[PDB]
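Asks: Protein chains in written order, with the authors' numbering: chain A, 451 to 844; chain B, 492 to 540; chain C, 4 to 266; chain D, 1 to 113; chain E, 689 to 711, 719 to 835; chain F, 1 to 66; chain G, 339 to 394; chain H, 3 to 65, 76 to 145; chain I, 983 to 1178.
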Amino acid sequence: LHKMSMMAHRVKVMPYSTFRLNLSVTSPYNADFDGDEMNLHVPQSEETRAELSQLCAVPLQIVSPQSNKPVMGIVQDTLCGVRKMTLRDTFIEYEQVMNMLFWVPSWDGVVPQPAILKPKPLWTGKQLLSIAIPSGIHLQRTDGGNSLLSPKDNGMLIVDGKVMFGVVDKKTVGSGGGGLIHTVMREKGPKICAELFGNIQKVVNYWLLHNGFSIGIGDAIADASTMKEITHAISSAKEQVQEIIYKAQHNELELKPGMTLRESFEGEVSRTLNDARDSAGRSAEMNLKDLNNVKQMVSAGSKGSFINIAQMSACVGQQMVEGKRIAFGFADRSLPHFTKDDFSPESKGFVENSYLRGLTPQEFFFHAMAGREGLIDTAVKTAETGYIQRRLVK
Amino acid sequence: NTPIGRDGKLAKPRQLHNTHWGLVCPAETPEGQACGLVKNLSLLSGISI
Amino acid sequence: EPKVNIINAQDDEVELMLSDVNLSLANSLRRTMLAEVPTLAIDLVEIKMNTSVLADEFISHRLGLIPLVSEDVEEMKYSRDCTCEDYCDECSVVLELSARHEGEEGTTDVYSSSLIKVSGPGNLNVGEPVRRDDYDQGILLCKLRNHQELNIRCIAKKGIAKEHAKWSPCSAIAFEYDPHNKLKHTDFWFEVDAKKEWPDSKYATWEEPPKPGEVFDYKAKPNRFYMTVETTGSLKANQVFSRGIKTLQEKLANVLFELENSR
Amino acid sequence: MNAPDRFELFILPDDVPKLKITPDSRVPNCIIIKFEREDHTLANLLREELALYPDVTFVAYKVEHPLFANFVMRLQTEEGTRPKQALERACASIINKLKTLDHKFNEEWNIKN
Amino acid sequence: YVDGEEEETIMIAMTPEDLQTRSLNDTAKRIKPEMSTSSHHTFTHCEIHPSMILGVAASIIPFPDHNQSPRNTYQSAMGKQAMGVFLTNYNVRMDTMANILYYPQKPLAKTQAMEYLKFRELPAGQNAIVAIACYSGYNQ
Amino acid sequence: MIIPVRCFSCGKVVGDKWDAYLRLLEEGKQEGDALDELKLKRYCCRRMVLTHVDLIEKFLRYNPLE
Amino acid sequence: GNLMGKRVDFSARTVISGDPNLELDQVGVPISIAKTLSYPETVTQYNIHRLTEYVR
Amino acid sequence: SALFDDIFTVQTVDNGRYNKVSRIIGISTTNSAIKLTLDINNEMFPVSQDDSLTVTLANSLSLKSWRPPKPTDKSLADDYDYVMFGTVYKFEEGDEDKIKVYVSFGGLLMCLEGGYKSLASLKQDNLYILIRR
Amino acid sequence: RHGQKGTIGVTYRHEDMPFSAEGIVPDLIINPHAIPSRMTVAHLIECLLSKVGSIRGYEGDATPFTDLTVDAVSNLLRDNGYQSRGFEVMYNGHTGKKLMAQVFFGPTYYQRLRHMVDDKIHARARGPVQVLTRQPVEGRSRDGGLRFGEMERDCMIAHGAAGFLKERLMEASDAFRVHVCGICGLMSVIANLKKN
RNA sequence: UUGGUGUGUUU
Ligand SMILES: [Mg+2]
Ligand SMILES: [Zn+2]
Ligand SMILES: [Zn+2]
Ligand SMILES: [Zn+2]
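Okay, structure coming up:
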């Protein structure tokens, strides 16, 4: 599907018959590990060997002219682990640090100075992340108008390639252009950018081993008070949509540009329940602690987002078909458990529950229609995408 | 199984249309070309003679 | 310096309290007592005649899981360095078994107690099926009916857990140190409050609580351990412990010799 | 079906040494040792025991891939010490502690019967 | 009995605790709607059980009502590819594909519906030990 | 099918404790309490006997093959 | 189906697995697939010895 | 060796986001409008509001890879209790005497303001710190 | 049983697992990162209900849409002498230095899908070609070859190294040699060679 | 070492 989707490699011979990869190359081929097939053509000449080794090798295809950015970054564990590693309050004893800096293939043989000397030498993990990244880098970023005093400890300034402050996250080391990887590529050629992924992934896997990280059913639970606040807010939202019903079915409603009465009615409904979902998910995001695992993963951006935690814990929102609320499949109702002409959110598919509490059956079924939309989309429009892409090629 | 053939990519016959309460399976349908067609008679199905 | 403190002992388990070693050395003992204990089990199986309701490698698999006595086992050598081409009575315990449901009615349970040692480099009491009591019929190998002739011939050779876990010496190993987290090596996840919800150890009452005014003893180290080395019955727990230490000694000494011989 | 041997965990090959040393010439007085046919069970025990000694400065091991029963270790002590000597003394101290351990355990099982 | 045409002309409550209008604020349970539109309903039908809306390869699933529904569809379209026990006479039958899974355990998250596919008396898998924790990058 | 020998997780031999388990069940015990009496205290040797369901009786329901 | 695109040889195919203990330009090869496929290296004056061993 | 010396008043402590790391803001006694902020570890050296702090900045603790310290040697730090090494990362000659030095202790921070006559020697790269009491 | 699928990535022997306070090791370790976007919270509910029904020793009714909350399962796991939300303090197997976060851990019902790797491994030097077109054959069963299809050629054009493409569509395929008369330009030229 | 139809499953 794009000009990286064939890439050259090198041969490593292993028993136990499967194909091994790095996991930074998972993004360009778009492969997961639920059973994909990947082929392996072999050159039969010297000529084609050099052709592959100088053009189609991975270190020369890092930067995609699709969007002039690197498209090979960091994936799930190495990313969320390194964000847990170089938070400010993370200290490591010397002994474990010996191994951790042994794992770098490009380490010279010199430990840094430990950032505490007394009363018992520790480190902070930002210097260990500084061991990997070579000498000759600069990267200055201002997030949200930070200072040079840094209260929230976000943002990023790097001089010499030693971190000065800042929580190293997706929006620095992910796929974002002008990030760390792009900068290393522009300033050092291909090969050092190849060794960047090796250094970071081996380091943060060894440390994410000896720390560890997990996820439990409590991590989507907030305390009873925040549950009360979310319940109050979404109940007030259902009061708001009752006001919408009251005025519009009492004919007090004003019509938007270009949309008639039912279209602006449904548009109002969509905005209002989206506001419900956004404020409720925001409160549930605000309460949760930072040793909480799920908030660490979303605040690392290796997987997932805000709407994930909102849907697991506070509210799933409105079930859709084709962007709209759900058709009255029958006359005037969209199951036989409802009354006629009730445009209440529990009729046409607003999950009031979390995922956690359980769904009423009707709400479960309306989410089944959501998955039905997703299935039909992903196995129908790919017809048009394949045919369009073939025609642009030819 | 459903004979629309496959001529017509239409997502109206592939919808989980909401007469389906207890008659077919809102979970089960294969991945891909069959999806939206193939309806497994429910655990309260009976066929009238 | 290091001190042993047995707390319980019976024949199916031992719960001791190893005190004052490093943490690595105690967990290295744990890894040994799962892995590197040379014992004896069923290594090549030859059916003479089978007609069962069960298939063949099935029953060879289940026989491979069967607990033998190997108390005397260190004067039996390893299979892959014993001085015979294929099996003799220097390094085998040849079980030949044929129970046979004679009479055309009923249920025939080939148990562990019917298993016959035919030979073995005796009179080392090896290769007997382990018996709870002596009226321990035991391991449920087969259920035979009318004429279902089951004539089997096994060899018993000597492997460790590294080849396969049918040579597991032992079963399940508890392990903990600092039950009151006075090093803050671990960090609790907690909703409300750390003290209330994580219930106390079974070794909480062997020490004191921490006092809230105390500082973090940064120069402290972990220093008192607790482990639980149960038995399959194949060995007795004292022998397990002894030979596990012995084997770990021998591996360390071989590393020493390769140092000194490269030297 | 490409499944190899599972006695690749402890039996050495023929012309491969069990203990393969290469001195690392980046820094003075450091060595790299290619252990054959082991796992962590040797390595961590050697790590913490080499850690607490004074004259030892740097010691670190890695297991390159856990589907291969080998590992490699780095060893830099101070200036004066040939580090091989220090590791041999380390083995001496460990077997000293454990043989004392077996001894008192034998005594304690004698009493507990 | 009703078919899809009488499904037009009915009025259902889901569970028989919802037929009597019930009695709070507990953050464990689930929230049925009030149905306060008709003050005096004439319910004509109530479901025997809601997990009877499923298909046969769908009632196997432990708690289908806590998931993202494409994964429900995936589990139902993978439950057919279990290795297990297909019929109990694999000694005499000669078939081009057959596979017996050795040690089949009835799941500890059984349903009440798996009595009626006999799956607790012919299971197709095991209970092994889940431990959801990134360990050494091998489950990335 | 028929009881395995060890546990799957730990490795305590359990296979003998099938017949005793049924005989304890015959008196009206409860299954957890029966596992309690047999000294099964980790849940590893509790799922290796508690889940297990029995087919080899059905295989001996075939009146003789030969 | 046969000229613009076709089927060819010296291919291979399997199911994959992740392995972070690796570089970025490395891919694991099962042994049997290494046995089946091959590559013609020219016998030159700088590679005789190993290639004779690969015969052996 | 020591290029700074002063004694400080602890006015604010922010544990906040960090369970092991706190932020102090120390306003000098001996010459005011010398503002000092130092992020610090609780459990190596717990501090509290309105204590006394002897604060020293050095560039060499003598009176290349770090080994852990011997007993036979000695340091400037031997009369101290919380010794952190840092790097001078931003030096800004500001206003009239708004002279701000930003030196980072590897994830930890240190802002310093005040007179030119004190800070004038500080223009270095690697600057320690040595909290007494 | 919630789709969180995948392959056996790696095999560890017994001691190298993490292991909780009693000696229990695990056998299957799905990923944290497999969860938070896939939003399958039922999988956690199954693991928890599993551990409780193991310890109290009976099979808990997980038929959906009951009043079985999470609270009853939480209280029962606590009041049978455990942590309320599943976790036990698990260890490194290579040190025993405690895993800083407490690890969630239990039994769950697993199954075995019909694919294996021993049925889809295939590689091919040469061999069976069709009579009709002399391009190598199609299917696994006859040891066929793979379809280096259109869009593979597209990405080869995008890289541009067309010499590789002249390897692929000439040399590992139906390489074939004909003749032409240079005047009428056709291939009618009859080829006898040992008479030349 | 067949063709040629057709079905179900994998990404
Ligand atoms: Mg996929
Ligand atoms: Zn012999
Ligand atoms: Zn068990
Ligand atoms: Zn012509």
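Beta carbons are placed, not taken as given, at the ideal position from N, Cα and C, and that holds for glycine.
1. Does the beta-carbon distance from C/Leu144 to C/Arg65 come in below 8 angstroms?
2. In angstroms, rounded to a whole number, what distance separates the CA positions of I/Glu997 and C/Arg34?
3. Under 6 angstroms, CB to any heavy atom of ligand 2. Which residues pass, going along the chain?
4. Name, going along the chain, the residues of the segment 1128 to 1139 of chain I whose beta-carbon falls closer than 7 angstroms to a beta-carbon of chain G.
5. When you compare only the Cα positions, how much space is there between A/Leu599 and C/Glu200?
6. Shortest alpha-carbon distance to B/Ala518 belongs to which of E/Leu749, E/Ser733 and E/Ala804?
7. Output the residues surrounding ligand 1, defined as those with a CB atom closer than 7 angstroms to any ligand heavy atom, in chain order.
8. Against chain I, does D/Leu67 count as a neighbour if the rule is that its beta carbon must be under 8 angstroms from one of theirs?
9. Taking 7 angstroms as the line, does the beta carbon of F/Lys41 fall inside it for any heavy atom of ligand 3?
10. On the DSSP bridge assignment, give the partners of I/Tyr1073 in chain order.
11. How far does the beta strand (DSSP E) with A/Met606 in it extend, from its first residue to its last?
12. Looking at the secondary structure, which residues open and close the alpha helix (DSSP H) in which A/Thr633 lies?
13. Nearest-angstrom Cα distance between E/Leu707 and A/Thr810?
14. Assuming contact is defined by CB atoms lying nearer than 8 angstroms, are E/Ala772 and B/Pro504 in contact in what I supplied?
15. Using 7 angstroms as the cut-off, classify the Cβ of F/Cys45 as near or not near the heavy atoms of ligand 3, replying yes or no.
16. Just by C-beta distance, which residues in the segment 143 to 177 of chain C are closer than 7 angstroms to chain D?
17. What does DSSP give as the partner residues of H/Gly28 in its beta bridges?
18. Counting only beta-carbon atoms, is H/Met46 nearer than 8 angstroms to chain C?
19. Do you know offhand how far H/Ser133's Cα is from H/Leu65's?
20. Work out the CA separation of C/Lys187 and C/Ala223 for me, nearest whole Å.
21. To test your reading of the DSSP string, which unbroken alpha helix (DSSP H) runs of 4 or more residues are found completely within the segment 738 to 767 of chain A?
22. Along chain E, in chain order, which residues have C-beta atoms closer than 9 angstroms to that of F/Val53?
23. Chain I partners of C/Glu179, CB-CB under 7 angstroms?
24. Applying the 10 Å Cβ sphere with the 16-neighbour rule, what's the burial state of I/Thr1077?
25. Count the other CB atoms within 10 Å of the CB of F/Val5; is the residue buried (16 or more) or exposed (fewer)?
26. Quick check on the burial criterion: 16 or more other C-beta atoms within 10 angstroms. Buried or exposed for E/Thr737?
27. When every heavy atom of ligand 3 is checked, does at least one fall within less than 7 angstroms of the C-beta of A/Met635?
28. If we ignore side chains and look at the alpha-carbon of each, how far apart do C/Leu98 and C/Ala58 end up?
29. Taking only heavy atoms of ligand 3 into account, decide whether any of them is closer than 7 angstroms to the Cβ of E/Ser746.
30. In the structure shown, what three-state DSSP assignment does I/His1025 receive?
31. Can C/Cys173 be considered in contact with ligand 3, in the sense that its beta carbon sits closer than 7 angstroms to one or more heavy atoms?
32. Does the beta-carbon of C/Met79 have 16 or more other beta-carbons within 10 angstroms, so that it is buried, or is it exposed?
33. Closer than 6 angstroms from C-beta to any heavy atom of ligand 4: which residues, in chain order?
34. So the beta strand (DSSP E) C/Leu47 belongs to, where does it begin and stop?
35. Are the beta-carbon atoms of A/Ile587 and A/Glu645 separated by less than 8 angstroms?
36. Report buried or exposed for A/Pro571, applying the criterion of at least 16 other Cβ atoms within 10 angstroms of its Cβ.
Replies: Quick look at the numbers:
1. yes
2. 6 angstroms
3. C/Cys85, C/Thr86, C/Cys87, C/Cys91, C/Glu93 and C/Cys94
4. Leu1128, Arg1129, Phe1130, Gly1131, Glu1132 and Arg1135
5. Taking C-alpha positions only, A/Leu599 is separated from C/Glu200 by approximately 39 angstroms.
6. Here the closest residue by C-alpha is E/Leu749.
7. Per the Cβ criterion, the list is A/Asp482, A/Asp484 and A/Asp486.
8. yes
9. no
10. I/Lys1080
11. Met606 to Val609
12. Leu630 to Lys638
13. 15 angstroms
14. no
15. Yes, ligand 3 has a heavy atom inside 7 angstroms of this Cβ.
16. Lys165, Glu166 and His167
17. H/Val12 and H/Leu38
18. yes
19. Between the alpha carbons of H/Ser133 and H/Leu65 lies a distance of about 18 angstroms.
20. Roughly 11 angstroms between the two C-alpha positions.
21. 743 to 748 and 756 to 759
22. The contacting residues are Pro799, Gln800, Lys801, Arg815, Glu816, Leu817 and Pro818.
23. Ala1003
24. buried
25. buried
26. Looking at its Cβ environment, which holds fewer than 16 other Cβ atoms inside 10 Å, E/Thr737 is exposed.
27. no
28. 19 angstroms
29. no
30. Of the three classes helix, strand and coil, the one that applies to I/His1025 here is helix, per DSSP.
31. no
32. With 16 or more other Cβ atoms within 10 Å, it is buried.
33. I/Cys1163, I/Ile1165 and I/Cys1166
34. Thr42 to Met52
35. no
36. buried
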